[PDB]
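One structure below.
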Amino acid sequence: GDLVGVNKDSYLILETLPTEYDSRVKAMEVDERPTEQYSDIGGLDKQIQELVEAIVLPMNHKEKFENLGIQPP
Amino acid sequence: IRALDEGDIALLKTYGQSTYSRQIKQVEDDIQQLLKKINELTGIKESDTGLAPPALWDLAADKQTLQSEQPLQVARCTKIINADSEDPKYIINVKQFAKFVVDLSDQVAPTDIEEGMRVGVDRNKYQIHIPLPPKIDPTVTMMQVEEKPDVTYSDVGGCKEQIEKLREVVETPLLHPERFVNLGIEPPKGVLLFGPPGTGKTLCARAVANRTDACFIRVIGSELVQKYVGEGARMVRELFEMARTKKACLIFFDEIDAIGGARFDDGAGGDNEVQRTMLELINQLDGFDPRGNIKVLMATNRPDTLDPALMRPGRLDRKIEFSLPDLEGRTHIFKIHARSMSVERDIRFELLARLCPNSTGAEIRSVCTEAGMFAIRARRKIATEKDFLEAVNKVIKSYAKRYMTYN
Amino acid sequence: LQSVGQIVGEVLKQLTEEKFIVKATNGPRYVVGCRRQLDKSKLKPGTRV
Amino acid sequence: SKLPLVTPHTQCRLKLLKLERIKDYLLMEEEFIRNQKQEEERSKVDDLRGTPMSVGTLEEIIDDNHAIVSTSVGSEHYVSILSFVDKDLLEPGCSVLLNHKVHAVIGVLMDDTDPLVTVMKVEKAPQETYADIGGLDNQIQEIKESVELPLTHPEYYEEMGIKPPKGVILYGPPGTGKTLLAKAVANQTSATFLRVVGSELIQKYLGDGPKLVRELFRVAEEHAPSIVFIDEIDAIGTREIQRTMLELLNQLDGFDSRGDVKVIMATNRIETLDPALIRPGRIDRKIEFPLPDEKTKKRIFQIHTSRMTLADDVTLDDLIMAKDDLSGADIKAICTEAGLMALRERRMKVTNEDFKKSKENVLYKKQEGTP
Ligand SMILES: Nc1ncnc2c1ncn2[C@@H]1O[C@H](COP(=O)(O)OP(=O)(O)O)[C@@H](O)[C@H]1O
Ligand SMILES: Nc1ncnc2c1ncn2[C@@H]1O[C@H](COP(=O)(O)OP(=O)(O)O)[C@@H](O)[C@H]1O
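In structure tokens form, the structure reads like this:
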């Protein structure tokens, strides 16, 4: 299940290729990187903290979770 | 009674004839056979081709280009390998044919080629040389109006506040961005139009499209509702991409009640697919990624029926009500409709307006037309107040149209 | 680089000791033969060749 | 083209004389045709389009002479357009002839797709005329004023500044001649006739209803002067079906400018019609088709029995009399069954008693129920 470039007539593999998922799938990823600050959200501070501790903290550290032994959400 | 024995039909069709029968049926068979002989003799009719006027075309340039250029195939680009950026290599997809690894031509440049991008390619080496525009679905691109309707805001009667508030959003920021930017305000980007049928909502949409000066796309409920799943959502994706291509654009949904129906689940899944399409729309209007300079107009006869997320401000910021016209509005629309006709100068229109019950503007145009037919059926070249009163009577009594349940 | 690929395909009824029916992948089926030296008893309907 | 209409129907030598006149003319056609250049233009163009030429579909036009074309294998090709191709005749979805070797666009092919609506284009109105209908004079003037006069003479309305009426509903008990009147007006003004029967626009597929009505209006406006007939609108008229209603209502009233296509909609249950579809703005002409009265019934009897051989004793008045109990279709049924009854007893000349027992038996089969 690998992507390889072969000879157009003799079909001999003469290149390996990076796996291509789909054009749409490549469209889904974010490249513009929007700029809305957390301070721009008002009143939702508790929910913001919930989402941050659920998502960002597993990204940044992974040590405070493993030191406990928890599976991050 | 015994059935018709062969002798009985024989005598039936023999004794009862005139002394002409044989001649005229034989002559009719000759009609048919001579027609067929004429048809076979003239041959079939030439169906022909294009072939614009003869003096217009050809030149040896045609054949020279035919024998000199290349019939490029079209391929989806993908995954610029960019292994060393001195020769990047690309992947191409020839639909239902193959997938290739290729390079650019001596003409095109790496900056000219992006991922996807729907490039063109030669037919035997499959080297890439042409920048082609992306595939817009034809049933989405014909949706662009391409022709302004012959209606202006002056043709809309009575709804001064409605037209003012709608022009504040769909026309003013495009015409005068300076007012908003120098005051530092963000204008609304979504206007919903609601009211009873025949009050002029589609007329206001026509006026906006005539005065828009930007890219205006009409949208109808039937267009979005495909049969196959996700296809309507796909078309709305392409429609919003098309709107993004234009430097600002106006999107009009007529009778969004066709798709915006509130989500329900317990009906064995319900319509669902229409809900999925309106969900893709509800995301496109405001989801991830800013919408852009896309101002959007919806008109519907059932404002309450649409899903609450669609009513939500930020996607539908300003909601406008077209109620049944008042007496002044009825007079104004009667004037507007009577502008085009050949009528008496002394038609006291406000009388006709106060004879009118709670009649929509469609009723006003209908009664004006009925006066037109009264005048024409009378062959008179001037419509008179008597014609207008008969038209009022006809229209009103027709709309009114045992009934012993009354009092 | 001089090597040339070979078309894969499943086989079908053998008509004789030499001629077989092979269903070349998703493509059409052909009447072909064993080269000279391969087995003959092992080639039964359903052998990838 | 078609033959002239010979208008004696009794077997008389006038009918003969008209016939042999027609035979004379067709025989001159035969004579003339039997009693029997641009090689430069052909040698350039029809040799540039070297045979054979493939048939494909045009998707987009990019440059003045460059366009994208797909073919039946599904591949996509950016090809050039030779100058002789009429650009204005080219649009997305158009069938295009292509050079076999280099796929270059070499001309537009007249459309042969969209089969179903191509069939319902019928255009086969000429079986009837205003002649075939008798006594529906008020209805005739109404529909003439609404749809026929604007097509034949839009000059009156344009001079008056009037935008012509843009919708007609016909209603009444069945067999009163609504379909006949629609076909007759289609015959009087030779504008293309479109007929679609009610429930047939209701479809299992979610899109097929609104899609079908959209394509029918598309083909109607493509034919330009056209009349579209929806009989038994009640089937749709009285979410998905309501969405087809919304599509039809917006195709009538909504965006864009419709132009010249006229709409006739026939219903048997007008009072059950939903308020939306009966638009005062669009549907300003509602034409009732009452059960025929004595004069109208007499006219229908004469029209239908005209082609039948009749005896002297037939007193049409006793057939006409009593009340407005029946319609024109029932009258045709009486005429037909009287013909059969005369045939059984071996009359090729139907008599009064034949019609008497015919009307009696029809009234027997007319309605039912325990006392
Ligand atoms: N206030 C008005 N001024 C002028 N014309 C009007 C007015 N209201 C209605 N009309 C006429 O009646 C028709 C109303 O259609 P409209 O209400 O726009 O359809 P919809 O209800 O589907 O939006 C228009 O074609 C217009 O000519
Ligand atoms: N006024 C009339 N003149 C002649 N024929 C009529 C008349 N009314 C009804 N008919 C007969 O009835 C049939 C048409 O019925 P119609 O009312 O048009 O059907 P529908 O109710 O489906 O519209 C025709 O065959 C026609 O011969």
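Protein chains in written order, with the authors' numbering: chain F, 148 to 220; chain A, 22 to 422, 428 to 433; chain E, 50 to 98; chain B, 47 to 82, 91 to 292, 303 to 435. All C-beta atoms, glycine included, are put in the ideal place defined by N, C-alpha and C.
A Cβ of chain E is located within less than 7 Å of the beta carbon of F/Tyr158. In the DSSP assignment, the residues bridged to B/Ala121 are B/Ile115 and B/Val133.
In this chain, the beta strand (DSSP E) harbouring A/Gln94 covers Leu93 to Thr99. For B/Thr331, the enclosing beta strand (DSSP E) has its first and last residue at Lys326 to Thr331. Comparing C-alpha distances from A/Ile315 to each of A/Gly211, A/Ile149, A/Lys186 and A/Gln183 shows the shortest one belongs to A/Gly211. Along the stretch 45-59 of chain A, the positions whose C-beta sits under 9 Å from a C-beta of chain B are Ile45, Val48, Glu49, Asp51, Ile52, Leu55, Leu56, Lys58 and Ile59, read in chain order.
Looking at the DSSP output, B/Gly221 sits in no beta bridge, so it has no partner there. Taking the Cβ of B/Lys237 as the reference point, every heavy atom of ligand 2 lies at 6 Å or farther away.
Under the three-state reduction of DSSP output, E/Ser52 falls in the coil class, being neither helix nor strand. Contacts between A/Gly251 and chain F, judged by CB atoms closer than 9 Å, are missing: the closest CB pair is about 12 Å apart. In the three-state scheme derived from DSSP, where H, G and I count as helix and E and B as strand, A/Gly282 is classed as strand. At a beta-carbon threshold of 8 Å, none of the residues of chain B lie near A/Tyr147; the nearest stands roughly 13 Å away. For E/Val53, at least one C-beta of chain F is nearer than 7 Å to its own C-beta.
A distance criterion of 6 Å places the beta-carbon of A/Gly382 in contact range of ligand 1, judged by its closest non-hydrogen atom. With the rule of 3 Cβ pairs closer than 8 Å, the stretch 271-290 of chain A counts as touching the stretch 298-312 of chain A. For ligand 1, a non-hydrogen atom lies closer than 6 Å to the CB of A/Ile354. Just so you know, the alpha carbons of B/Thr243 and B/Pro356 end up roughly 26 Å apart. Ligand 2 never approaches B/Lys359 closely enough for any of its heavy atoms to be under 6 Å from the residue's Cβ.
The beta-bridge partner set that DSSP reports for B/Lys69 is empty. Contacts with chain F at 7 Å (Cβ-Cβ) include A/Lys100.
Rounded to whole angstroms, the separation of the alpha carbons of A/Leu348 and A/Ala374 is 6 Å.
Boundaries of the beta strand (DSSP E) around A/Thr321: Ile315 to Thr321.
Between B/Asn241 and B/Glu182, the C-beta spacing is below 7 Å. Judged by DSSP in its simplified three-state form, A/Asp50 adopts helix. Here DSSP, grouped into helix, strand and coil, assigns B/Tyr259 to coil.
Relative to A/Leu93, the option among B/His131, B/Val123 and B/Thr125 whose CA is nearest is B/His131.
The beta-carbon of A/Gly219 is placed less than 7 Å from the nearest beta-carbon of chain B. For B/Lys265, the residues of chain A that pass the 9 Å Cβ criterion are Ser243, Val246, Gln247 and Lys248, in the order they occur in the chain. No Cβ-Cβ contact shorter than 7 Å links A/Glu406 with A/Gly216. Remark: C-beta atoms of B/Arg346 and B/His55 do not approach each other more closely than 7 Å. At least one CB of chain A lies nearer than 7 Å to the CB of F/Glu167.
Around the beta carbon of A/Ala24, a 10 Å sphere encloses fewer than 16 other beta carbons of the protein chains shown; the residue is thus reported as exposed.
Counting C-beta atoms within 10 angstroms of its own C-beta, A/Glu192 has 16 or more neighbours from the protein chains shown and is therefore classed as buried. DSSP, reduced to helix, strand and coil, places B/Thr400 within a helical segment of the structure shown.
Excluding its 5 nearest sequence neighbours in each direction, A/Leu245 has C-beta neighbours in its own chain below 6 Å: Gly253, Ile280 and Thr298, listed in chain order. Per DSSP, A/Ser243 is one residue of the alpha helix (DSSP H) stretching across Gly242 to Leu245.
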